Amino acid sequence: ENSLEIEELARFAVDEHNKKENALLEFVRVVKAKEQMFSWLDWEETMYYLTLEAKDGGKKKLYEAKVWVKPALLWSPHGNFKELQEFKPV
């Protein structure tokens, strides 16, 4: 499906949160994903708004995460990169 893309983005979100906050959340699943289109000058960016389930001390819980997919600046021709904009519990 397309889903494989959305699941990678929720996984990334958790992994990056763990890196930033020294945390131990375990990804379970994506509950709900929304996209929007954004532009900066003549560059296309995509913001992903994800709701996901993840365990904190084994207790399954709900989290809202915002993830950019922005174009890549140098050497790799038409590449992207991800970046966790925001990550919060519902």
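Each residue number is its position in the shown sequence, starting from 1.
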Going by the entry, of stretches 17-25 and 70-78 the one with greater average Cα B-factor is 70-78
Split the chain's modelled residues into thirds by Cα B-factor; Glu1 lands in the highest
Of the three thirds of the chain ranked by Cα temperature factor, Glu86 occupies the middle
Temperature factor at the Cα of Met47, chain-ranked in thirds, falls in the middle
Temperature factor at the Cα of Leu41, chain-ranked in thirds, falls in the lowest
